[PDB]
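protein-v2.pdb follows; it contains PDB, C-alpha atoms.
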```
ATOM      1  CA  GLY A   1      10.174  23.620  19.141  1.00  0.00           C
ATOM      2  CA  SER A   2       8.573  23.699  15.699  1.00  0.00           C
ATOM      3  CA  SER A   3       4.833  24.317  16.022  1.00  0.00           C
ATOM      4  CA  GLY A   4       2.891  22.782  13.150  1.00  0.00           C
ATOM      5  CA  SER A   5       2.873  18.986  13.130  1.00  0.00           C
ATOM      6  CA  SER A   6       2.311  17.308   9.762  1.00  0.00           C
ATOM      7  CA  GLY A   7       1.983  13.852   8.240  1.00  0.00           C
ATOM      8  CA  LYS A   8       1.938  12.368   4.747  1.00  0.00           C
ATOM      9  CA  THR A   9      -0.566   9.700   3.705  1.00  0.00           C
ATOM     10  CA  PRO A  10       0.572   6.071   3.278  1.00  0.00           C
ATOM     11  CA  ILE A  11      -0.596   6.194  -0.339  1.00  0.00           C
ATOM     12  CA  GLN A  12       1.469   9.271  -1.190  1.00  0.00           C
ATOM     13  CA  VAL A  13       4.673   8.295   0.613  1.00  0.00           C
ATOM     14  CA  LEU A  14       4.839   4.682  -0.563  1.00  0.00           C
ATOM     15  CA  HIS A  15       4.085   5.488  -4.204  1.00  0.00           C
ATOM     16  CA  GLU A  16       6.033   8.751  -4.385  1.00  0.00           C
ATOM     17  CA  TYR A  17       8.882   6.760  -2.841  1.00  0.00           C
ATOM     18  CA  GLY A  18       8.697   3.852  -5.268  1.00  0.00           C
ATOM     19  CA  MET A  19       9.734   6.380  -7.904  1.00  0.00           C
ATOM     20  CA  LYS A  20      13.107   6.835  -6.204  1.00  0.00           C
ATOM     21  CA  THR A  21      13.691   3.077  -6.181  1.00  0.00           C
ATOM     22  CA  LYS A  22      12.666   2.788  -9.833  1.00  0.00           C
ATOM     23  CA  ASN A  23       9.905   0.604  -8.390  1.00  0.00           C
ATOM     24  CA  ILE A  24       6.253   1.652  -8.216  1.00  0.00           C
ATOM     25  CA  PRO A  25       3.845  -0.039  -5.770  1.00  0.00           C
ATOM     26  CA  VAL A  26       1.322  -2.075  -7.761  1.00  0.00           C
ATOM     27  CA  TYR A  27      -2.288  -2.310  -6.594  1.00  0.00           C
ATOM     28  CA  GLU A  28      -4.430  -5.229  -7.761  1.00  0.00           C
ATOM     29  CA  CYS A  29      -7.741  -6.526  -6.407  1.00  0.00           C
ATOM     30  CA  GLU A  30      -7.535 -10.196  -5.430  1.00  0.00           C
ATOM     31  CA  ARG A  31     -10.986 -10.746  -3.927  1.00  0.00           C
ATOM     32  CA  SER A  32     -14.022  -8.514  -4.457  1.00  0.00           C
ATOM     33  CA  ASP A  33     -17.191  -9.325  -2.518  1.00  0.00           C
ATOM     34  CA  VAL A  34     -20.243  -7.072  -2.801  1.00  0.00           C
ATOM     35  CA  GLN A  35     -22.999  -7.729  -0.265  1.00  0.00           C
ATOM     36  CA  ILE A  36     -23.508  -4.364   1.431  1.00  0.00           C
ATOM     37  CA  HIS A  37     -23.042  -0.654   0.735  1.00  0.00           C
ATOM     38  CA  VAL A  38     -19.315  -0.999   1.415  1.00  0.00           C
ATOM     39  CA  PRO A  39     -17.870  -4.122  -0.258  1.00  0.00           C
ATOM     40  CA  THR A  40     -14.449  -5.672   0.339  1.00  0.00           C
ATOM     41  CA  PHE A  41     -11.519  -5.224  -2.045  1.00  0.00           C
ATOM     42  CA  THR A  42      -8.189  -6.928  -1.353  1.00  0.00           C
ATOM     43  CA  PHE A  43      -5.435  -4.733  -2.786  1.00  0.00           C
ATOM     44  CA  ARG A  44      -2.055  -6.438  -3.162  1.00  0.00           C
ATOM     45  CA  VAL A  45       0.985  -4.175  -2.833  1.00  0.00           C
ATOM     46  CA  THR A  46       4.214  -5.374  -4.444  1.00  0.00           C
ATOM     47  CA  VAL A  47       7.307  -3.219  -3.938  1.00  0.00           C
ATOM     48  CA  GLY A  48      10.630  -4.673  -5.041  1.00  0.00           C
ATOM     49  CA  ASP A  49      10.623  -7.778  -2.859  1.00  0.00           C
ATOM     50  CA  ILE A  50       8.001  -6.834  -0.270  1.00  0.00           C
ATOM     51  CA  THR A  51       4.456  -8.032  -0.943  1.00  0.00           C
ATOM     52  CA  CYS A  52       1.465  -7.196   1.253  1.00  0.00           C
ATOM     53  CA  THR A  53      -2.328  -7.158   0.988  1.00  0.00           C
ATOM     54  CA  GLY A  54      -5.061  -4.988   2.472  1.00  0.00           C
ATOM     55  CA  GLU A  55      -8.307  -6.914   2.881  1.00  0.00           C
ATOM     56  CA  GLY A  56     -11.335  -5.704   4.815  1.00  0.00           C
ATOM     57  CA  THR A  57     -12.736  -2.695   2.972  1.00  0.00           C
ATOM     58  CA  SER A  58     -12.963  -1.187  -0.513  1.00  0.00           C
ATOM     59  CA  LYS A  59     -10.534   1.156  -2.265  1.00  0.00           C
ATOM     60  CA  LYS A  60     -11.519   3.488   0.575  1.00  0.00           C
ATOM     61  CA  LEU A  61      -9.607   1.755   3.369  1.00  0.00           C
ATOM     62  CA  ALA A  62      -8.372  -1.425   1.687  1.00  0.00           C
ATOM     63  CA  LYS A  63      -6.063   0.788  -0.371  1.00  0.00           C
ATOM     64  CA  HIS A  64      -4.819   2.816   2.599  1.00  0.00           C
ATOM     65  CA  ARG A  65      -3.909  -0.413   4.392  1.00  0.00           C
ATOM     66  CA  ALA A  66      -2.294  -1.933   1.302  1.00  0.00           C
ATOM     67  CA  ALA A  67       0.079   1.022   0.986  1.00  0.00           C
ATOM     68  CA  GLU A  68       0.407   1.364   4.760  1.00  0.00           C
ATOM     69  CA  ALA A  69       1.806  -2.157   5.095  1.00  0.00           C
ATOM     70  CA  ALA A  70       4.618  -1.757   2.568  1.00  0.00           C
ATOM     71  CA  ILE A  71       5.784   1.532   4.081  1.00  0.00           C
ATOM     72  CA  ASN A  72       5.967   0.239   7.653  1.00  0.00           C
ATOM     73  CA  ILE A  73       8.171  -2.483   6.172  1.00  0.00           C
ATOM     74  CA  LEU A  74      10.202  -0.132   3.978  1.00  0.00           C
ATOM     75  CA  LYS A  75      11.280   1.467   7.256  1.00  0.00           C
ATOM     76  CA  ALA A  76      12.126  -1.570   9.384  1.00  0.00           C
ATOM     77  CA  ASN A  77      13.011  -3.991   6.586  1.00  0.00           C
ATOM     78  CA  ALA A  78      14.904  -1.183   4.856  1.00  0.00           C
ATOM     79  CA  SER A  79      14.848  -3.143   1.597  1.00  0.00           C
ATOM     80  CA  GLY A  80      18.295  -2.723   0.073  1.00  0.00           C
ATOM     81  CA  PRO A  81      20.340  -5.637  -1.311  1.00  0.00           C
ATOM     82  CA  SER A  82      24.103  -5.086  -1.373  1.00  0.00           C
ATOM     83  CA  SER A  83      26.826  -6.532  -3.601  1.00  0.00           C
ATOM     84  CA  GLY A  84      29.217  -9.385  -2.878  1.00  0.00           C
TER      85      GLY A  84
END
```
Output the file's structure in the form of structure tokens.
Amino acid sequence: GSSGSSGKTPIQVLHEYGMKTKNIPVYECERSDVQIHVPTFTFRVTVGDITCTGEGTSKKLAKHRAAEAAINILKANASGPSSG
């Protein structure tokens, strides 16, 4: 067994990956509500054909979720259109 577990962040993997698929994950704020110390920023992630959004928190979490979504999909969905 290999002692020394490790894990890459959803913001590093997704993005870093987008580079391979000549497609970088865009992050835009759809809705921004400021009422308390920690506002809510909805970051929309668009990778190739997959489009997700992370609403609930600010760049802090909102971002993490935004990138997290795509990834999870990039694994199952395995985006990859073939030829005829």
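Nearest residue to residue 42 of chain A, choosing from A:25, A:9, A:60, A:20 and counting all atoms listed in the file: A:60.
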> Within 10 Å of (-7.9, -13.5, -6.1), in the coordinates the file gives, what residues turn up when you count all atoms listed in the file, written out as a list in words?
Replying inline: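 Using all atoms listed in the file, the matching residues come out as residues 28, 29, 30, 31, 32, 41, 42, 43 and 44 of chain A.
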>> Just checking: using all atoms listed in the file, which residue out of A:5, A:49, A:36, A:10 ends up closest to residue 72 of chain A?
In response: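 Checking each candidate against residue 72 of chain A, we get A:10 as the closest.
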>> Is it possible to get the residues within 10 Å of (10.9, -4.0, -1.9) (coordinates as in the file, counting only C-alpha atoms) written as a list in words?
In response: residues 18, 21, 23, 24, 25, 45, 46, 47, 48, 49, 50, 51, 70, 71, 73, 74, 77, 78, 79, 80 and 81 of chain A
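Coordinates place atom CA of residue 64 of chain A at a distance of 9.8 Å from atom CA of residue 12 of chain A.
Restricting the calculation to only C-alpha atoms, the smallest distance between residue 27 of chain A and any of A:40, A:6, A:53, A:58 is found for A:53.
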>> So that I can see what lies close to residue 11 of chain A, please list as a list in words the residues with an atom at most 8 Å from it, counting only C-alpha atoms and leaving out residues fewer than 2 positions away in the same chain.
In response: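 Selected residues are residues 9, 13, 14, 15, 63, 64, 67 and 68 of chain A.
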> Rounded to one decimal in Å, what is the spacing between atom CA of residue 8 of chain A and atom CA of residue 75 of chain A?
Replying inline: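 Distance reported for this atom pair: 14.6 Å.
We find atom CA of residue 56 of chain A and atom CA of residue 7 of chain A to be spaced 23.9 Å apart.
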The centre and edge lengths of an axis-aligned box containing all atoms of segment 26-39 of chain A present in the file, extended by 8 Å on each side, are to be given in Å to one decimal, as AutoDock Vina command-line options.
```
--center_x -11.1 --center_y -5.7 --center_z -3.2 --size_x 40.8 --size_y 26.1 --size_z 25.2
```
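If only C-alpha atoms are the atoms counted, then among A:22, A:57, A:66, A:83 the closest residue to residue 37 of chain A is A:57.
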Would you mind putting N, CA and C atoms back on segment 63-84 of chain A and writing the result as an mmCIF file, in the coordinates of the input?
```
data_model
loop_
_atom_site.group_PDB
_atom_site.id
_atom_site.type_symbol
_atom_site.label_atom_id
_atom_site.label_comp_id
_atom_site.auth_asym_id
_atom_site.auth_seq_id
_atom_site.Cartn_x
_atom_site.Cartn_y
_atom_site.Cartn_z
ATOM 1 N N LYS A 63 -7.217 0.164 0.267
ATOM 2 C CA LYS A 63 -6.063 0.788 -0.371
ATOM 3 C C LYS A 63 -5.106 1.354 0.674
ATOM 4 N N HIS A 64 -5.628 2.207 1.549
ATOM 5 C CA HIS A 64 -4.819 2.816 2.599
ATOM 6 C C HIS A 64 -3.970 1.766 3.310
ATOM 7 N N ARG A 65 -4.605 0.665 3.701
ATOM 8 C CA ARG A 65 -3.909 -0.413 4.392
ATOM 9 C C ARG A 65 -2.841 -1.034 3.495
ATOM 10 N N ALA A 66 -3.219 -1.337 2.258
ATOM 11 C CA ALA A 66 -2.294 -1.933 1.302
ATOM 12 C C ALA A 66 -0.986 -1.151 1.241
ATOM 13 N N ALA A 67 -1.095 0.162 1.061
ATOM 14 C CA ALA A 67 0.079 1.022 0.986
ATOM 15 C C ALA A 67 0.732 1.180 2.355
ATOM 16 N N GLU A 68 -0.092 1.215 3.398
ATOM 17 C CA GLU A 68 0.407 1.364 4.760
ATOM 18 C C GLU A 68 1.375 0.238 5.111
ATOM 19 N N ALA A 69 0.975 -0.993 4.813
ATOM 20 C CA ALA A 69 1.806 -2.157 5.095
ATOM 21 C C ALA A 69 3.216 -1.971 4.544
ATOM 22 N N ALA A 70 3.327 -1.931 3.219
ATOM 23 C CA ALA A 70 4.618 -1.757 2.568
ATOM 24 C C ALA A 70 5.489 -0.763 3.330
ATOM 25 N N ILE A 71 5.044 0.488 3.382
ATOM 26 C CA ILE A 71 5.784 1.532 4.081
ATOM 27 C C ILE A 71 6.382 1.006 5.381
ATOM 28 N N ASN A 72 5.522 0.748 6.361
ATOM 29 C CA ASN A 72 5.967 0.239 7.653
ATOM 30 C C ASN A 72 7.151 -0.709 7.487
ATOM 31 N N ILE A 73 7.102 -1.531 6.444
ATOM 32 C CA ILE A 73 8.171 -2.483 6.172
ATOM 33 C C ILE A 73 9.384 -1.789 5.563
ATOM 34 N N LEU A 74 9.130 -0.871 4.637
ATOM 35 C CA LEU A 74 10.202 -0.132 3.978
ATOM 36 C C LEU A 74 11.086 0.573 5.000
ATOM 37 N N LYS A 75 10.541 0.804 6.189
ATOM 38 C CA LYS A 75 11.280 1.467 7.256
ATOM 39 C C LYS A 75 12.112 0.462 8.046
ATOM 40 N N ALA A 76 11.446 -0.542 8.606
ATOM 41 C CA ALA A 76 12.126 -1.570 9.384
ATOM 42 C C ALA A 76 12.969 -2.470 8.487
ATOM 43 N N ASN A 77 12.320 -3.100 7.512
ATOM 44 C CA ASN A 77 13.011 -3.991 6.586
ATOM 45 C C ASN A 77 14.141 -3.259 5.868
ATOM 46 N N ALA A 78 13.906 -1.992 5.542
ATOM 47 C CA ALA A 78 14.904 -1.183 4.856
ATOM 48 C C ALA A 78 15.414 -1.885 3.603
ATOM 49 N N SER A 79 14.491 -2.437 2.822
ATOM 50 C CA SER A 79 14.848 -3.143 1.597
ATOM 51 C C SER A 79 16.042 -2.478 0.916
ATOM 52 N N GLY A 80 17.104 -3.252 0.713
ATOM 53 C CA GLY A 80 18.295 -2.723 0.073
ATOM 54 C C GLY A 80 19.403 -3.752 -0.031
ATOM 55 N N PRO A 81 19.342 -4.590 -1.076
ATOM 56 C CA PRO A 81 20.340 -5.637 -1.311
ATOM 57 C C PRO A 81 21.694 -5.068 -1.720
ATOM 58 N N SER A 82 22.753 -5.550 -1.078
ATOM 59 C CA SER A 82 24.103 -5.086 -1.373
ATOM 60 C C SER A 82 24.815 -6.051 -2.316
ATOM 61 N N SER A 83 26.039 -5.701 -2.698
ATOM 62 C CA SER A 83 26.826 -6.532 -3.601
ATOM 63 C C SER A 83 27.732 -7.478 -2.817
ATOM 64 N N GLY A 84 28.333 -8.432 -3.522
ATOM 65 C CA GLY A 84 29.217 -9.385 -2.878
ATOM 66 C C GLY A 84 30.505 -8.749 -2.396
#
```
